[PDB]
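See structure below.
Using ideal geometry, Cβ is built from the backbone for each residue, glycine included, and neighbour counts are taken over all protein chains shown. The numbers here are math on the coordinates, done by the rules we state, and not lab data.
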DNA sequence: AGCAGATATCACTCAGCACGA
DNA sequence: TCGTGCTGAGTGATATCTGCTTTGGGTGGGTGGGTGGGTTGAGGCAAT
Ligand SMILES: [Zn+2]
């Protein structure tokens, strides 16, 4: 029944694959040229019909697996496209030699075959998304099809140095050759097909490792999480290879040409969204700091020295003699009871003895983490879930090419693209799905931040290229998106809106720094954006941040920092009217036990953060402790333990400004804590427990008076 | 000046000083803890010399070294036939002839573990030859339980060697087959004496249980004796 | 009708030092010369004859990069060997794309 | 079917517990201006860790802290105790 | 007798709502 | 936006049962090996 039907399907698709065509070995010329079969176009049409009538309408993916099994793509479609592109190039060269010279027959048929091949390529390379309603067959074939997609991408980027990209560019230029008014809907569909092909090629990436949870994990445990096919390495599918291929095949020039003449010589409705998606997939995994840094040897020496210092600090925990030397220690508690520890370090040191006592303990309190698979929502891997510090290692030439492409785009058409996208989306807000919201917000944030960084580095290129972010249409769109995401409890869109808002606040701060008189119109924007509801929302974000992932926390922290920065600067500069803004009221709004908790939680992970995150956290702490005089908040034990960890020799490198901040804060905190303890012995007990909420005594606790 | 670390100490010098007669007796009675204390103190004085003399010598090099002490001349040398259980875990002197020495044996010091899920590495020390493998990943973000793998070639090892010693001819009372004792040497003392060489060894008389079989924690009643050498002459 | 947990490869912690070793190794194999390029020519030689092994003179390594690269490889060869192979493949890809695939 | 050991309010209020901390915690702890900040932090953590160990050996230090947090949030007797303390001190 | 794998029955955490404050 | 239960099913965890096999010796074999042990006595063979 089902198995027999699967066998028939596989046999029929295998016959189709063998009937499409193959290399002609009769000719003595080597390497042999690909030869089209008698019914090549009919075979491609039949394959498309199979795709339509089996893969989609019956909600299965057996056709794609059958196609991948018999290598229909890597052996038939790509060679056909490459050969057609080479024929067109030869024809162009002949025309250059003599315009009347022609070496083409059945040109219409060849173009038809090429177009059908490109359509089938887009069909096979379309992103795969698994939902809750997906059938059992669709769920079961996810990983294998993702691996086949990885193979497809590797072949596309490698074969003939990626000439199928040039074939697609030629197909698009065929449509570009006719005027906008003369452009039929078919031509616009072809353009959208080419753009979708490029987006799919960039998007593909390794999938997730899905494991059944029915049974508690065995005593063996997890071996490894590998989704790569047998003969595919991360070097083949990395963005580095994509950049190399695009530069070699002049894809960047075609995209720049499309995005520079956007909304002027083209129909924007077809092209705006594909360009936005292409650029988001381009710049989703790229950190902008890396783009503005032999030097490799110098960095290697510095890293080796860092590891040497870490090893030196580790050495104090190792015994000079072998393990079986057998030294036994007895340590006396304040009461006359002796505890036993083993190890030379125990005898020679006391802190080591207590650390070993702690470490030796078997019982662990359960830690429950709320993990959400990104594949569940259909989103791709991006900055939201990528671990902080994950760096895309570009080569020098590839990095230069990517920077040049981004700079040209930002100086050519970022303004127009943002305007068109914002208009189209605000016209059709409700139809938005989570993917489109995240995509728009992340693209906006990334490009704004990159322009800010380049403006800082280079005095020429300036904010006027990204000035369209300031305009109120985009601002209100972003605000509505973030607020709705908050209200509906959609945390991923919340995160994206958070990032976008942080970038917008940094931008507005820079514009105000530029010129005040020209920034009166931006004082208007500042007044609009700091609306009481918005204030409330922004304040609430941190309080909830503690529940979610690390990245959530970091975005919360950064947005808080930006909000306080703008609030203080604009209160000092002039008066603010939303309802007048009382900076102290907001500040106070920011002072509660959840916020602090959040901060603490974020700081616990200090071995992965940079110095900027620590600087922001301790700036907040300074605001709390000194400016606000809300010291009772910080008289906790989580902070004390974490600060011991930070200041310990094994925790943080001595030669670091972060350690300077930590040491200064620790000095001040210890001084004030000593004063409080001298005043009220009760605080010794108090330290252990959350604040009291008692009318009688609450004040006393909080402020000591 | 020479960059070496091992220090040779004459136990009689402790008796030559009023303060350290108790220390000498303790070393004779409790050698392991006293030796560890002596090593740490030697390192402390070595660093303090540079600290006080504000010399130009690099301190980081000193901080990363391991220092040891090699006491000798701890009393009259006993015989392999006069070692009773009362001498267990005590410092002894023994003269004999070397008969054989096994090749260098790698002895584990620090264990290196790797997470199978996040590529996170951590080093855990070894106590009494017991590897303290984590129950779960130490990373907050990655709390994956029971996913730690031991990378054998990235761990820290030490040098060990077993030597067989025979009593000197004069120690045989009547002319029977001379008895033999097993010696263990670590680090610099390895390859410090070849076969057929007459040597004097200072070490700790130790006893170790022997497992009945390889499957089980079951132990033999009878214990095996050997010497943990600390100085070879 | 089932409970399923997903793990991602983007959560993994990278070895920053190892990557820099790969970066330094790529430069050494691509720019070292004694005046024709030594290892660029050797990679070409393996391409024609379809050879696997590539021979590097340790004396040459110590010259470039002040000796930091040579010293790092000497102490930690087991740790850094996988990263050296990553660097070699990248250089092979740029100049001998067909060498990656077996004959 | 074995009762687990928990840091109950009962425990906290016993002679070995909060009253122990109040009786002798200023004598053992000392924050020195002539000492490094890390040293003072380690001294405070040392005192509280030994007290915790004495009180409740099952848990680690940090775990202990967490447990303390939850207990204090939940238990109404503990709350009473705390309030009592505070009140008595405010009356002095 | 001891050891390694497995079943199943034992609690505990975050989840969220009704009252009142 | 704190406090105090009542509900709750999910996510554990740890207190709790179900099947080898072993020593060494042919009362497991030679399609488990002879570098994991046994192993002294007779017998046939080549170099001497
Ligand atoms: Zn991990």
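Scan the range A:468-505 for residues that are closer than 18 Å to residue A:410 by Cα and surrounded by 15 or more Cβ atoms within 10 Å (Cβ to Cβ) and jot them down.
Applying the first criterion (closer than 18 Å to residue A:410 by Cα) to the range A:468-505 yields A:468-471, A:474, A:500, A:503-504.
If the condition is that a residue be closer than 18 Å to residue A:410 by Cα and surrounded by 15 or more Cβ atoms within 10 Å (Cβ to Cβ), then A:468, A:469, A:470, A:474, A:500, A:503, A:504 are the ones that fit.
Can you tell me which residue is farthest from the other protein chains (Cβ to nearest Cβ) among those in the range A:198-223 that are within 30 Å of residue A:118 (Cα to Cα) and outside any loop (DSSP other than H, G, I, E, B)? Break it down into steps so the answer makes sense when it comes.
Here is the first cut: in the range A:198-223, the residues within 30 Å of residue A:118 (Cα to Cα) are A:198-208.
Still in the list and also outside any loop (DSSP other than H, G, I, E, B): A:198-203.
Numbers: A:198: 22, A:199: 20, A:200: 20, A:201: 18, A:202: 16, A:203: 14 Å.
In this case the residue turns out to be A:198.
Enumerate the helices (runs of 4 or more DSSP H) found wholly within the range A:321-437, keeping only those where 3 or more residues are closer than 30 Å to residue C:30 by Cα and within 14 Å of chain C (Cβ to nearest Cβ).
Working: elements: A:344-348, A:351-359, A:374-377, A:396-412, A:414-427.
Where helices (runs of 4 or more DSSP H) fall fully within the range A:321-437 and carry at least 3 residues being closer than 30 Å to residue C:30 by Cα and within 14 Å of chain C (Cβ to nearest Cβ), they are A:396-412.
Matching residues to (1) in contact with a strand residue (DSSP E or B) (Cβ under 9 Å, 6 or more places away or on another chain); (2) away from DNA strand F (no atom under 16 Å from the Cβ):
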| residue | (1), (2) |
| --- | --- |
| A:332 | yes, yes |
| A:345 | yes, yes |
| A:351 | no, yes |
| A:354 | yes, yes |
| A:359 | no, yes |
| A:364 | yes, no |
| A:371 | yes, no |
| A:374 | yes, yes |
| A:378 | no, yes |
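Could you run through the range A:221-238 and say how many residues are within 16 Å of the ligand (Cβ to nearest atom) and surrounded by fewer than 17 Cβ atoms within 10 Å (Cβ to Cβ)? Quick ask: steps written out before the conclusion?
The first filter runs over the range A:221-238 and keeps only residues within 16 Å of the ligand (Cβ to nearest atom), leaving A:221-226.
Those still in the list that are surrounded by fewer than 17 Cβ atoms within 10 Å (Cβ to Cβ) too: A:221, A:223-224, A:226.
So the count comes out to 4.
Name the residues in the range B:138-157 that are under 28 Å from residue A:320 (Cα atoms) and either within 16 Å of DNA strand F (Cβ to nearest atom) or surrounded by 17 or more Cβ atoms within 10 Å (Cβ to Cβ) (or both), would you? Give the steps one after another, and end with the answer.
Within the range B:138-157, the first condition is being under 28 Å from residue A:320 (Cα atoms), and the residues that meet it are B:138, B:148-157.
Listed by number, the residues that qualify are B:138, B:148, B:155.
Every residue in the range A:605-618 that is part of a helix (DSSP H, G or I) and crowded, with 16+ Cβ neighbours inside 10 Å, please. Outline the logic, then answer.
Taking the range A:605-618 as the starting set, the residues that turn out to be part of a helix (DSSP H, G or I) are A:611-618.
Listed by number, the residues that qualify are A:613, A:614, A:616, A:617, A:618.
Any idea how many residues of the range D:53-92 are facing another protein chain (nearest Cβ under 7 Å) and over 30 Å from residue A:355 (Cβ atoms)?
7
Residue check: is residue C:48 assigned to a loop (DSSP other than H, G, I, E, B) and either touching a strand residue (DSSP E or B) at 6+ places or on another chain (Cβ under 6 Å) or loosely packed, with under 14 Cβ neighbours inside 10 Å (or both)? Can you show your working first?
Details: assigned to a loop (DSSP other than H, G, I, E, B): no; either touching a strand residue (DSSP E or B) at 6+ places or on another chain (Cβ under 6 Å) or loosely packed, with under 14 Cβ neighbours inside 10 Å (or both): yes.
In short, no.
I'm trying to understand the selection: among the residues of the range C:60-77, which are farther than 19 Å from residue A:306 by Cα and more than 14 Å from the chain's Cα centre (by Cα)?
C:60, C:62, C:63, C:64
Would you call residue B:73 within 19 Å of the chain's Cα centre (by Cα), surrounded by 12 or more Cβ atoms within 10 Å (Cβ to Cβ) and within 30 Å of residue B:196 (Cα to Cα)? Spell out how you get there, then give the answer.
Values: within 19 Å of the chain's Cα centre (by Cα): yes; surrounded by 12 or more Cβ atoms within 10 Å (Cβ to Cβ): yes; within 30 Å of residue B:196 (Cα to Cα): yes.
Considered against the rule, which asks whether it is within 19 Å of the chain's Cα centre (by Cα), surrounded by 12 or more Cβ atoms within 10 Å (Cβ to Cβ) and within 30 Å of residue B:196 (Cα to Cα), residue B:73 comes out as yes.
Looking at (1) within 16 Å of the chain's Cα centre (by Cα); (2) closer than 24 Å to residue B:190 by Cβ; (3) not in a loop (DSSP other than H, G, I, E, B), which is the one condition that is false for residue B:66?
Only one criterion is unmet by residue B:66, namely (3).
I need the helices (runs of 4 or more DSSP H) fully contained in the range A:457-535, keeping only those with at least 1 residues that are touching a strand residue (DSSP E or B) at 6+ places or on another chain (Cβ under 9 Å). Walk me through it before giving the result.
Working: elements: A:472-488, A:491-514, A:520-529.
Once the helices (runs of 4 or more DSSP H) in the range A:457-535 are filtered for at least 1 residues that are touching a strand residue (DSSP E or B) at 6+ places or on another chain (Cβ under 9 Å), what remains is A:520-529.
I need the full set of residues from the range C:79-95 which are more than 10 Å from chain A (Cβ to nearest Cβ), under 19 Å from residue A:396 (Cα atoms) and surrounded by fewer than 17 Cβ atoms within 10 Å (Cβ to Cβ), in order please.
Listed by number, the list holds a single entry, C:95.
Among the numbered criteria (1) touching a helix residue (DSSP H, G or I) at 6+ places or on another chain (Cβ under 6 Å); (2) in a helix (DSSP H, G or I); (3) facing another protein chain (nearest Cβ under 9 Å), which single criterion is violated by residue A:702?
Of everything listed in (1) touching a helix residue (DSSP H, G or I) at 6+ places or on another chain (Cβ under 6 Å); (2) in a helix (DSSP H, G or I); (3) facing another protein chain (nearest Cβ under 9 Å), residue A:702 misses just condition (3).
Could you tell me which residue of the range B:115-141 is nearest to DNA strand E (Cβ to nearest atom), considering only residues that are closer than 30 Å to residue A:385 by Cβ and assigned to a strand (DSSP E or B)? Don't jump to the end; show me each part of the working.
If we filter the range B:115-141 for residues that are closer than 30 Å to residue A:385 by Cβ, which is where we start, we get B:115-124, B:133-141.
Filter again for assigned to a strand (DSSP E or B), leaving B:115, B:121-124, B:136.
Details: B:115: 21, B:121: 25, B:122: 24, B:123: 25, B:124: 21, B:136: 16 Å.
My answer is B:136.
What tally of residues in the range A:289-308 results from selecting those that are surrounded by 17 or more Cβ atoms within 10 Å (Cβ to Cβ) and either part of a loop (DSSP other than H, G, I, E, B) or more than 9 Å from chain C (Cβ to nearest Cβ) (or both)?
Within the range A:289-308, the first condition is being surrounded by 17 or more Cβ atoms within 10 Å (Cβ to Cβ), and the residues that meet it are A:291, A:296-297, A:299-301, A:303-304.
Of the ones still in play, those that are also either part of a loop (DSSP other than H, G, I, E, B) or more than 9 Å from chain C (Cβ to nearest Cβ) (or both) are A:291.
Number satisfying all stated conditions: 1.
Residue by residue, here is whether (1) within 7 Å of another protein chain (Cβ to nearest Cβ); (2) in contact with a strand residue (DSSP E or B) (Cβ under 9 Å, 6 or more places away or on another chain); (3) more than 16 Å from DNA strand E (Cβ to nearest atom); (4) not in a strand (DSSP E or B) holds:
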{"residue": "B:82", "(1), (2), (3), (4)": "no, no, yes, yes"}
{"residue": "B:92", "(1), (2), (3), (4)": "no, yes, yes, no"}
{"residue": "B:95", "(1), (2), (3), (4)": "no, yes, yes, no"}
{"residue": "B:113", "(1), (2), (3), (4)": "no, yes, yes, no"}
{"residue": "B:158", "(1), (2), (3), (4)": "yes, yes, yes, no"}
{"residue": "B:163", "(1), (2), (3), (4)": "no, yes, yes, no"}
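Considering the range C:58-78 alone, what residues qualify as being surrounded by fewer than 12 Cβ atoms within 10 Å (Cβ to Cβ) and more than 10 Å from every other protein chain (Cβ to nearest Cβ)?
Taking the range C:58-78 and keeping what is surrounded by fewer than 12 Cβ atoms within 10 Å (Cβ to Cβ), we get C:58-59, C:75, C:77-78.
Once the filter is applied, which keeps residues that are surrounded by fewer than 12 Cβ atoms within 10 Å (Cβ to Cβ) and more than 10 Å from every other protein chain (Cβ to nearest Cβ), the range C:58-78 yields C:58, C:59.
Does residue A:532 fit the bill of being over 26 Å from residue A:376 (Cβ atoms) and either within 14 Å of another protein chain (Cβ to nearest Cβ) or within 16 Å of DNA strand F (Cβ to nearest atom) (or both)?
The answer is yes for residue A:532.
Would you be able to say whether some residue in the range D:5-20 is surrounded by fewer than 13 Cβ atoms within 10 Å (Cβ to Cβ), more than 9 Å from chain A (Cβ to nearest Cβ) and under 28 Å from residue A:695 (Cβ atoms)? Quick ask: steps written out before the conclusion?
Residues of the range D:5-20 that are surrounded by fewer than 13 Cβ atoms within 10 Å (Cβ to Cβ), as a first pass: D:5-6, D:10, D:15.
Remaining after also requiring more than 9 Å from chain A (Cβ to nearest Cβ): D:5-6, D:10, D:15.
Among the residues that remain, those that are also under 28 Å from residue A:695 (Cβ atoms) are: D:10.
Looking through the range D:5-20, at least one residue is surrounded by fewer than 13 Cβ atoms within 10 Å (Cβ to Cβ), more than 9 Å from chain A (Cβ to nearest Cβ) and under 28 Å from residue A:695 (Cβ atoms).
Which one of A:643, A:652, A:673 is part of a helix (DSSP H, G or I), away from DNA strand F (no atom under 16 Å from the Cβ), in contact with a helix residue (DSSP H, G or I) (Cβ under 6 Å, 6 or more places away or on another chain) and within 12 Å of another protein chain (Cβ to nearest Cβ)? Don't jump to the end; show me each part of the working.
Values: A:652 fails: part of a helix (DSSP H, G or I); A:673 fails: in contact with a helix residue (DSSP H, G or I) (Cβ under 6 Å, 6 or more places away or on another chain).
Exactly one residue qualifies, and that residue is A:643.
Scan the range A:404-435 residue by residue and report those that are under 18 Å from the mean Cα position of the chain (by Cα) and closer than 24 Å to residue A:506 by Cβ.
Across the range A:404-435, the qualifying residue is only A:406.
Residue by residue through the range D:56-69, note down the ones that are within 14 Å of DNA strand E (Cβ to nearest atom) and more than 13 Å from the chain's Cα centre (by Cα).
D:58, D:59, D:60
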